[PDB]
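Whatever order the structure lists ligands and atoms in, that order sets their numbers, starting from 1. Heads up: numbering here begins at 1 and tracks the sequence.
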Amino acid sequence: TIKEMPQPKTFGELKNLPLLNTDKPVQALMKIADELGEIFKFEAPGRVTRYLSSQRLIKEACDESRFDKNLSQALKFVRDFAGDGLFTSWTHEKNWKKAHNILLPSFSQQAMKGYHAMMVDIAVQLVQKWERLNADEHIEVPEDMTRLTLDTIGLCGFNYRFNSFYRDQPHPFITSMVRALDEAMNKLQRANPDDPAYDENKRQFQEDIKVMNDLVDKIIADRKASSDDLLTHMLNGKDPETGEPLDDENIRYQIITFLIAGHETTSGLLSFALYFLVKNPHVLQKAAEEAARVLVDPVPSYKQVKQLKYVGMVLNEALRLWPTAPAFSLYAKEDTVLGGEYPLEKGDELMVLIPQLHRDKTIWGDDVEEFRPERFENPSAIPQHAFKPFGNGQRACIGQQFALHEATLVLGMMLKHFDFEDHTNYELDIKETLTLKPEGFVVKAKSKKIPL
Ligand SMILES: CC(C)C1=CC2=CC[C@@H]3[C@](C)(CCC[C@@]3(C)C(=O)N[C@@H](Cc3c[nH]c4ccccc34)C(=O)O)[C@H]2CC1
């Protein structure tokens with residue numbers, strides 16, 4: 001009944017801004033939501049946003065007639081290099097619907113069947129790497145998952161080989177992208193971004209943007225000198241509405257977007273999935289049993305991957321507890337009241353805190369912190385807008401099918417070929433680069449000695 005909104009602790013003139021002066025801002029906002037509940041106001045000089053954590057309010061926020069996708073401050077900083085690519089465009093910019101129409105067919109069932117062989121090429125490189133480890137050598141999990149996911153989007157999307165399994169260090173692309181993301185996350189807490197103490201930060205940022213754009217003009221130059229892949233559709237496809245193709249500036253932004261959006265979160269998903277599987281041995285056993293039963297050939301087929309149902313549920317349960325793109329932003333299209341209590345003005349910003357949404361006890365029950373893939377047996381038994389790891393509506397993840405096909409294929413092959421040991425009894429440490437990923441997660445993989 002027009003309730004007053006809670007607000008976390010303030011720092012005078014800086015309002016709530018210093019609460020983001022941490023290497024783990026999403027984990028900080030989750031603790032605030034635990035303390036303040038389903039909604040709280042966050043204020044900095046010149047800006048306000050309302051953090052939502054309950055399925056009760058988020059099911060309203062997901063009404064596309066009332067709320068559209070907002071560029072959060074984080075996405076405004078990413079737009080410095082991702083421009084009006086699909087992830088960092090407003091819905092009302094011409095290039096959003098145009099690129100959407102042109103690129104959606106690059107995620108058709110026909111398209112996924114076409115990507116499968118190249119996903120297998122990279123997955124086989126991962127399995128061969130682990131088969132070739134010596135006694136008592138370990139696996140650096142997020143490092144190897146990032147090698148796989150970057151190489152997969154490079155090859156499937158652009159017929160480009162990053163060759164990440166030939167490198168003991170990350171590809172220059174990854175090093176520059178991680179630093180750009182870390183700069184973008186860093187600028188969020190930065191009062192007085194014009195301070196000369198940040199002139200080197202700016203210089204380094206521009207440098208990192210130059211590294212990713214050099215690789216893009218090279219992917220483009222490569223293709224020019226001679227495929228039916230994502231890059232084919234970017235260069236040739238026409239929007240059925242206008243009959244127009246994408247312009248060169250936009251195409252560059254889409255390549256940068258798909259290299260970032262198309263691997264970082266999938267590497268996080270695979271890393272968290274393997275973390276929960278080694279921490280939950282009964283779940284690991286059930287998934288390994290399915291992989292053994294289904295993947296009866298040396299090379300997995302598209303159809304077999306579609307039959308790894310329990311592996312698919314493991315991936316959804318990992319996205320429930322640690323959604324690797326952990327927030328999305330909305331703005332009110334008009335004046336509206338939220339849950340009958342919180343009046344909003346046109347333009348008012350909302351932040352969906354996805355990990356908190358996924359811990360709503362009124363949806364999942366009291367065992368909400370438990371890793372239980374069986375929660376996903378029946379999508380009709382899950383309330384509306386309870387599970388939002390790929391965002392909402394027409395602005396939902398275009399790459400969800402690609403990511404889940406790749407992750408199901410790879411996790412299936414991992415569970416078929418190896419037994420895993422949590423040999424250090426790893427303590428979860430979640431590194432934030434806007435996206436979430438376990439840091440320092442290592443395992444030992446004992447070969448089942450099954451040939452490829
Ligand atoms: C690539 C995808 C997965 C991402 C989604 C994100 C959504 C919200 C972000 C993000 C998690 C990074 C950390 C801050 C946070 C939680 C945020 O709300 N920030 C708000 C509010 C804010 C924080 N600091 C600010 C400084 C100035 C202005 C606004 C802000 C914002 O960025 O808009 C960020 C990471 C990148």
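- The NZ atom of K388 sits 4.0 Å away from the SG atom of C62 when rounded to the nearest 0.5 Å.
- Taking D247 as the reference, nothing meets the salt bridge (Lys or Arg N to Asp or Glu O under 4.0 Å) condition, with sequence neighbours excluded.
- Checking each of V120, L230, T152 against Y115 for a side-chain contact (heavy atoms from CB on, under 4.5 Å) leaves exactly one that passes, namely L230.
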Ligand-protein N/O pairs under 3.5 Å (ligand 1):
{"residue": "ligand 1", "atom": "18 (O)", "partner": "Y51", "partner atom": "OH", "Å": "2.2"}
{"residue": "ligand 1", "atom": "24 (N)", "partner": "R47", "partner atom": "NH2", "Å": "3.3"}
{"residue": "ligand 1", "atom": "24 (N)", "partner": "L188", "partner atom": "O", "Å": "2.9"}
{"residue": "ligand 1", "atom": "32 (O)", "partner": "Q73", "partner atom": "N", "Å": "3.1"}
{"residue": "ligand 1", "atom": "32 (O)", "partner": "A74", "partner atom": "N", "Å": "2.4"}
{"residue": "ligand 1", "atom": "33 (O)", "partner": "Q73", "partner atom": "N", "Å": "2.1"}

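- At least one donor-acceptor pair under 3.5 Å links the side chain of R359 to the backbone N or O of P355.
- At distances below 3.5 Å, not a single donor-acceptor pair connects side-chain atoms of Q7 with backbone N or O atoms of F40.
- In terms of modelled atom types and a separation under 3.5 Å, the side chain of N250 and the main chain of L246 share no donor-acceptor contact.
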